[PDB]
Structures are given as C-alpha cells and as structure tokens.
$ cat work_1.cif   # mmCIF, C-alpha atoms and all ligand atoms
data_protein
#
loop_
_atom_site.group_PDB
_atom_site.id
_atom_site.type_symbol
_atom_site.label_atom_id
_atom_site.label_comp_id
_atom_site.auth_asym_id
_atom_site.auth_seq_id
_atom_site.Cartn_x
_atom_site.Cartn_y
_atom_site.Cartn_z
ATOM 1 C CA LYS A 1 50.801 -65.192 -205.859
ATOM 2 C CA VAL A 2 54.089 -64.877 -204.027
ATOM 3 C CA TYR A 3 57.124 -65.285 -206.301
ATOM 4 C CA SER A 4 60.365 -66.994 -205.492
ATOM 5 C CA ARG A 5 63.502 -64.879 -206.005
ATOM 6 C CA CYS A 6 64.596 -66.765 -209.178
ATOM 7 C CA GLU A 7 61.147 -67.106 -210.636
ATOM 8 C CA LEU A 8 60.723 -63.329 -210.307
ATOM 9 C CA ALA A 9 64.157 -62.671 -211.740
ATOM 10 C CA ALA A 10 63.286 -64.679 -214.840
ATOM 11 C CA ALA A 11 59.924 -63.004 -215.266
ATOM 12 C CA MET A 12 61.444 -59.521 -214.859
ATOM 13 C CA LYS A 13 64.229 -60.331 -217.314
ATOM 14 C CA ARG A 14 61.723 -61.645 -219.830
ATOM 15 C CA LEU A 15 59.823 -58.347 -219.486
ATOM 16 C CA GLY A 16 62.892 -56.212 -220.100
ATOM 17 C CA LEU A 17 63.839 -54.858 -216.666
ATOM 18 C CA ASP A 18 67.509 -55.966 -216.722
ATOM 19 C CA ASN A 19 69.490 -52.739 -217.161
ATOM 20 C CA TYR A 20 66.279 -50.782 -217.769
ATOM 21 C CA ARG A 21 67.264 -47.166 -217.215
ATOM 22 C CA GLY A 22 70.569 -48.523 -215.972
ATOM 23 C CA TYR A 23 69.135 -50.740 -213.192
ATOM 24 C CA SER A 24 70.413 -54.289 -213.151
ATOM 25 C CA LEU A 25 68.095 -57.197 -212.628
ATOM 26 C CA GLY A 26 69.288 -57.634 -209.029
ATOM 27 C CA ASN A 27 68.103 -54.082 -208.222
ATOM 28 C CA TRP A 28 64.580 -54.923 -209.343
ATOM 29 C CA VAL A 29 64.538 -58.213 -207.484
ATOM 30 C CA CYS A 30 65.889 -56.571 -204.346
ATOM 31 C CA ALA A 31 63.283 -53.825 -204.597
ATOM 32 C CA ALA A 32 60.470 -56.371 -204.875
ATOM 33 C CA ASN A 33 61.862 -58.302 -201.933
ATOM 34 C CA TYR A 34 61.778 -55.339 -199.561
ATOM 35 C CA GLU A 35 58.721 -53.568 -200.978
ATOM 36 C CA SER A 36 56.379 -56.589 -200.962
ATOM 37 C CA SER A 37 58.275 -59.730 -199.976
ATOM 38 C CA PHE A 38 57.614 -60.862 -203.566
ATOM 39 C CA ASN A 39 53.853 -60.861 -202.933
ATOM 40 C CA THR A 40 51.760 -59.694 -205.890
ATOM 41 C CA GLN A 41 48.763 -59.393 -203.529
ATOM 42 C CA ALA A 42 50.473 -56.968 -201.129
ATOM 43 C CA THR A 43 48.644 -53.783 -200.267
ATOM 44 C CA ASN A 44 49.588 -50.970 -197.910
ATOM 45 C CA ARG A 45 47.186 -48.220 -196.900
ATOM 46 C CA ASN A 46 48.632 -44.707 -196.519
ATOM 47 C CA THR A 47 47.537 -41.737 -194.421
ATOM 48 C CA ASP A 48 46.650 -39.652 -197.505
ATOM 49 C CA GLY A 49 43.980 -42.167 -198.591
ATOM 50 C CA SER A 50 46.204 -43.803 -201.202
ATOM 51 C CA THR A 51 47.258 -47.432 -201.258
ATOM 52 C CA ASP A 52 50.377 -49.110 -202.558
ATOM 53 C CA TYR A 53 49.697 -52.123 -204.709
ATOM 54 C CA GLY A 54 51.429 -55.280 -205.693
ATOM 55 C CA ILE A 55 54.904 -56.627 -205.948
ATOM 56 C CA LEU A 56 56.459 -53.165 -206.458
ATOM 57 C CA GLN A 57 54.028 -51.297 -204.202
ATOM 58 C CA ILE A 58 52.856 -48.807 -206.796
ATOM 59 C CA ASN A 59 50.930 -45.869 -205.388
ATOM 60 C CA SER A 60 47.326 -45.038 -206.226
ATOM 61 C CA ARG A 61 47.678 -41.262 -205.864
ATOM 62 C CA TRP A 62 49.748 -41.031 -209.001
ATOM 63 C CA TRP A 63 49.981 -44.215 -210.971
ATOM 64 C CA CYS A 64 46.814 -46.341 -211.031
ATOM 65 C CA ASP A 65 43.120 -45.854 -210.300
ATOM 66 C CA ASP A 66 41.650 -47.744 -207.353
ATOM 67 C CA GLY A 67 38.396 -45.759 -207.389
ATOM 68 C CA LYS A 68 38.864 -44.554 -203.837
ATOM 69 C CA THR A 69 42.007 -42.397 -203.687
ATOM 70 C CA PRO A 70 41.161 -38.698 -203.512
ATOM 71 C CA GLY A 71 42.843 -36.578 -206.115
ATOM 72 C CA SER A 72 44.286 -39.520 -207.998
ATOM 73 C CA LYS A 73 45.914 -39.027 -211.403
ATOM 74 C CA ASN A 74 46.291 -42.539 -212.975
ATOM 75 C CA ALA A 75 49.516 -42.010 -214.955
ATOM 76 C CA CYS A 76 49.840 -45.702 -215.879
ATOM 77 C CA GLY A 77 46.226 -45.750 -217.163
ATOM 78 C CA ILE A 78 45.222 -48.848 -215.223
ATOM 79 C CA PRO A 79 43.015 -49.957 -212.451
ATOM 80 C CA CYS A 80 45.175 -50.758 -209.440
ATOM 81 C CA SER A 81 43.677 -54.223 -209.361
ATOM 82 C CA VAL A 82 45.794 -55.259 -212.345
ATOM 83 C CA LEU A 83 48.783 -54.842 -210.039
ATOM 84 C CA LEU A 84 47.378 -57.598 -207.769
ATOM 85 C CA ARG A 85 47.706 -60.238 -210.485
ATOM 86 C CA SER A 86 50.080 -63.138 -210.664
ATOM 87 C CA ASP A 87 50.973 -61.886 -214.197
ATOM 88 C CA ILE A 88 53.370 -58.995 -213.567
ATOM 89 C CA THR A 89 53.213 -57.509 -217.121
ATOM 90 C CA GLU A 90 51.207 -54.466 -216.077
ATOM 91 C CA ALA A 91 53.266 -53.947 -212.951
ATOM 92 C CA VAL A 92 56.452 -53.986 -215.032
ATOM 93 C CA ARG A 93 55.025 -51.590 -217.614
ATOM 94 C CA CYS A 94 54.068 -49.156 -214.862
ATOM 95 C CA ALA A 95 57.401 -49.593 -213.034
ATOM 96 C CA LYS A 96 59.177 -48.594 -216.246
ATOM 97 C CA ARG A 97 57.221 -45.363 -216.216
ATOM 98 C CA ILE A 98 57.956 -44.734 -212.517
ATOM 99 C CA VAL A 99 61.703 -45.328 -212.852
ATOM 100 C CA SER A 100 61.802 -42.897 -215.772
ATOM 101 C CA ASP A 101 60.172 -40.106 -213.662
ATOM 102 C CA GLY A 102 63.404 -38.266 -212.725
ATOM 103 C CA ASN A 103 64.765 -40.031 -209.605
ATOM 104 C CA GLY A 104 65.497 -43.492 -210.891
ATOM 105 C CA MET A 105 64.674 -46.264 -208.425
ATOM 106 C CA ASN A 106 64.659 -43.787 -205.511
ATOM 107 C CA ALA A 107 60.911 -43.775 -206.122
ATOM 108 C CA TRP A 108 60.839 -47.062 -204.136
ATOM 109 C CA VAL A 109 61.662 -46.144 -200.584
ATOM 110 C CA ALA A 110 62.481 -49.726 -199.574
ATOM 111 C CA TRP A 111 64.891 -50.000 -202.479
ATOM 112 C CA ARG A 112 66.555 -46.791 -201.462
ATOM 113 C CA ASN A 113 66.917 -47.902 -197.874
ATOM 114 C CA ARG A 114 67.717 -51.551 -198.323
ATOM 115 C CA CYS A 115 69.131 -52.074 -201.851
ATOM 116 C CA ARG A 116 70.836 -48.913 -203.051
ATOM 117 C CA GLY A 117 74.567 -48.951 -202.489
ATOM 118 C CA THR A 118 74.589 -52.740 -201.778
ATOM 119 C CA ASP A 119 75.841 -55.667 -203.847
ATOM 120 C CA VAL A 120 72.508 -56.568 -205.525
ATOM 121 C CA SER A 121 73.852 -59.342 -207.821
ATOM 122 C CA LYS A 122 73.336 -61.839 -204.874
ATOM 123 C CA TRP A 123 69.607 -61.568 -205.603
ATOM 124 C CA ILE A 124 70.203 -63.520 -208.826
ATOM 125 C CA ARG A 125 72.568 -66.129 -207.332
ATOM 126 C CA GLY A 126 71.626 -69.609 -208.720
ATOM 127 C CA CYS A 127 68.904 -68.385 -211.117
HETATM 128 CL CL CL A 201 72.317 -58.110 -211.054
#

$ encode --input "work_1.cif" --output "structure tokens"
Amino acid sequence: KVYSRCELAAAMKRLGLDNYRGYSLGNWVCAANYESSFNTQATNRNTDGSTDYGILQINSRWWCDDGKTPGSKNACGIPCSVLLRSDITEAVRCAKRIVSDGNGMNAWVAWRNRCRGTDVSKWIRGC
C-alpha cells in the first residue's frame, strides 16, 4: 500500500505522532515522503546486510528482526515484516522508539537532508 499525503497525515495523527517528541505532523509526513515515497512495501538493502523496511525505512540491524541481518538486536520486538503492512500501527510504535533514541528525527537521513530546517506544514495543506 502506498499512502496519499493526506491519508497518511490522518493515520499518523490518529496514532499520536503530531508533536510527538516535539515533531509536528508535517515532519513525519515529510520524512515518509522522502524515506519511502509513502510506500509501506518499500525495502532498501544495505551493505552491512541490514535492510530498511516500510514507510519510515526502519533498519533491521537495530529495530526489527528480519531473520537474516547479522548481529541484529530487535529493539522494537517485531518481525520486520510487520513494517510492510498497510496498517502502520507497528511502524508508528517503532518510530516513537527511534525518535526517542537521543537524536530526534535525525535518525532518518532523508528527513535530515530534505525536511529539517524547511517549512513542513505544506505537507498537511488541504488535509
Ligand atoms: Cl505541521
């Protein structure tokens, strides 16, 4: 499932991301846009044997278990497959853990490069 910008905004707001750890809804929407193009089925293979999964491209070295990432730690206590669902509940729960890990949303490289220090409220225009 690939979300539309407003459909994702509503889902993320329903699941408590607006102003979570001080990050407005637009930040989260922007991050999803650049991390995955709103695609819950997105996967990206990395050189270390990890993969980034889902709409917020959560990494399998640290956060979820994909059964094939050497040295993986599974801090969200989930199989990575639950991050490939249309239902973003598990992705949001894990994202809340990631954003609380000491660097805010800088954990998402695409957010840092493309969203941070921009006017992110445009991501919720018309929603
Ligand atoms: Cl916003």

$ closest_residue --input "work_1.cif" --among "A:69, A:118, A:74, A:103" --to "ligand CL 201 (chain A)" --atoms "all atoms listed in the file"
A:118

$ closest_residue --input "work_1.cif" --among "A:123, A:20, A:53, A:108" --to "ligand CL 201 (chain A)" --atoms "only C-alpha atoms and all ligand atoms"
A:123

$ closest_atom_pairs --input "work_1.cif" --of "chain A" --to "ligand CL 201 (chain A)" --cutoff "6 Å" --atoms "only C-alpha atoms and all ligand atoms" --output "JSON lines"
{"residue": "A:24", "atom": "CA", "partner": "A:CL201", "partner_atom": "CL", "distance": 4.8}
{"residue": "A:25", "atom": "CA", "partner": "A:CL201", "partner_atom": "CL", "distance": 4.6}
{"residue": "A:26", "atom": "CA", "partner": "A:CL201", "partner_atom": "CL", "distance": 3.7}
{"residue": "A:120", "atom": "CA", "partner": "A:CL201", "partner_atom": "CL", "distance": 5.7}
{"residue": "A:121", "atom": "CA", "partner": "A:CL201", "partner_atom": "CL", "distance": 3.8}

$ resolve_selection --input "work_1.cif" --expression "the PyMOL selection byres (((chain A and resi 88) around 9) and not hetatm)" --output "MDAnalysis selection string"
chainID A and resid 11:12 15 40 54:55 82:87 89:93

$ write_last_selection --input "work_1.cif" --atoms "C-alpha atoms" --output "PDB file, keeping the file's coordinate frame"
ATOM      1  CA  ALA A  11      59.924 -63.004-215.266  1.00  0.00           C
ATOM      2  CA  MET A  12      61.444 -59.521-214.859  1.00  0.00           C
ATOM      3  CA  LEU A  15      59.823 -58.347-219.486  1.00  0.00           C
ATOM      4  CA  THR A  40      51.760 -59.694-205.890  1.00  0.00           C
ATOM      5  CA  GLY A  54      51.429 -55.280-205.693  1.00  0.00           C
ATOM      6  CA  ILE A  55      54.904 -56.627-205.948  1.00  0.00           C
ATOM      7  CA  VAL A  82      45.794 -55.259-212.345  1.00  0.00           C
ATOM      8  CA  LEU A  83      48.783 -54.842-210.039  1.00  0.00           C
ATOM      9  CA  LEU A  84      47.378 -57.598-207.769  1.00  0.00           C
ATOM     10  CA  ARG A  85      47.706 -60.238-210.485  1.00  0.00           C
ATOM     11  CA  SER A  86      50.080 -63.138-210.664  1.00  0.00           C
ATOM     12  CA  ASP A  87      50.973 -61.886-214.197  1.00  0.00           C
ATOM     13  CA  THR A  89      53.213 -57.509-217.121  1.00  0.00           C
ATOM     14  CA  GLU A  90      51.207 -54.466-216.077  1.00  0.00           C
ATOM     15  CA  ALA A  91      53.266 -53.947-212.951  1.00  0.00           C
ATOM     16  CA  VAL A  92      56.452 -53.986-215.032  1.00  0.00           C
ATOM     17  CA  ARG A  93      55.025 -51.590-217.614  1.00  0.00           C
TER      18      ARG A  93
END

$ resolve_selection --input "work_1.cif" --expression "the PyMOL selection byres (((chain A and resi 116) around 12) and not hetatm)" --output "ChimeraX atom specification"
/A:23-24,26-28,30-31,34,104-115,117-121

$ decode --input "work_1.cif" --residues "segment 43-59 of chain A" --atoms "N, CA and C atoms" --output "CSV table (one decimal), in the first residue's frame"
chain,number,residue,atom,x,y,z
A,43,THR,N,11.5,-1.4,0.5
A,43,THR,CA,12.7,-2.0,1.2
A,43,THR,C,13.9,-1.5,0.5
A,44,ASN,N,15.0,-1.3,1.3
A,44,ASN,CA,16.3,-1.0,0.8
A,44,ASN,C,17.3,-1.8,1.5
A,45,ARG,N,18.1,-2.5,0.7
A,45,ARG,CA,19.2,-3.4,1.2
A,45,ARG,C,20.4,-2.5,1.4
A,46,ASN,N,21.1,-2.7,2.6
A,46,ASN,CA,22.3,-2.0,2.9
A,46,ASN,C,23.5,-2.9,2.8
A,47,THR,N,24.7,-2.3,2.8
A,47,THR,CA,26.0,-3.0,2.6
A,47,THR,C,26.3,-3.9,3.8
A,48,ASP,N,25.9,-3.5,5.0
A,48,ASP,CA,26.1,-4.3,6.2
A,48,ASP,C,25.2,-5.5,6.3
A,49,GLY,N,24.4,-5.8,5.4
A,49,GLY,CA,23.5,-7.0,5.5
A,49,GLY,C,22.1,-6.7,6.1
A,50,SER,N,21.9,-5.4,6.5
A,50,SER,CA,20.6,-5.0,7.0
A,50,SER,C,19.8,-4.5,5.9
A,51,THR,N,18.5,-4.3,6.2
A,51,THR,CA,17.5,-3.8,5.2
A,51,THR,C,16.7,-2.8,6.0
A,52,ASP,N,16.3,-1.7,5.3
A,52,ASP,CA,15.4,-0.7,5.8
A,52,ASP,C,14.0,-1.1,5.3
A,53,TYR,N,13.0,-1.0,6.2
A,53,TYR,CA,11.7,-1.5,5.9
A,53,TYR,C,10.6,-0.5,6.1
A,54,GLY,N,9.7,-0.4,5.1
A,54,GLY,CA,8.4,0.2,5.2
A,54,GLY,C,8.4,1.7,5.0
A,55,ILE,N,7.4,2.3,5.4
A,55,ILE,CA,7.1,3.7,5.1
A,55,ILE,C,8.1,4.7,5.8
A,56,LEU,N,8.7,4.3,6.9
A,56,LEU,CA,9.7,5.1,7.6
A,56,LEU,C,11.1,4.4,7.5
A,57,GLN,N,11.2,3.4,6.7
A,57,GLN,CA,12.5,2.8,6.4
A,57,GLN,C,13.3,2.5,7.7
A,58,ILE,N,12.7,1.6,8.5
A,58,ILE,CA,13.3,1.3,9.8
A,58,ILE,C,14.3,0.1,9.6
A,59,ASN,N,15.4,0.3,10.2
A,59,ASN,CA,16.6,-0.6,10.0
A,59,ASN,C,16.6,-1.9,10.8
